[PDB]
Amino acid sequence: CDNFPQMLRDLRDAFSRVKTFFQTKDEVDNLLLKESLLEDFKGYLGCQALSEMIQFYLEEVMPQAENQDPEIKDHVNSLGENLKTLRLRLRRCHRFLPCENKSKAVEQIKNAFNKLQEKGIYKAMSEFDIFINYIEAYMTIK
């Protein structure tokens, strides 16, 4: 796609900034990120696995860290941004992060619905049959 090789190196370089801090503190030697995770990544549940993992680090792992060891707080943060950044480019290149891509048709419609205010709730409900049909059609494409 665009510039993903550099996005990786950025992420990596940001990591080398805190690599020695952490790998010196982790005295257990079992693998947390089992190959199993790699498999999901290779499977249809791949997109969701990758999103859950990015979310995991960004919401659980990193924050908890920055607020456990201030020394590298800014460094942990710099890495986190490199991750958010990489996330954007991924869904901006379809193929990679679609499961985080919100349908444009749905947005337009939700707008039209709100621009109809109370008249909209009836229009929506009245076209529910049309909805089931699309649902139905969709399935067919499987």
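A residue's number is simply how far along the shown sequence it sits, counting from 1.
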Do the CA atoms of 6-14 or those of 124-132 have the higher mean B-factor in the entry? 6-14
Averaging only over Cα atoms, indicate whether 87-95 or 100-108 has the higher B-factor in the PDB entry. 87-95
Using only the C-alpha B-factors in the record, can you name which of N30, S36, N77, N67 has the highest? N67
On the chain's distribution of Cα B-factors, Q117 falls within the third called highest
Sort the modelled residues of this chain by their C-alpha B factor and say whether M53 lands in the lowest, middle or highest third. lowest
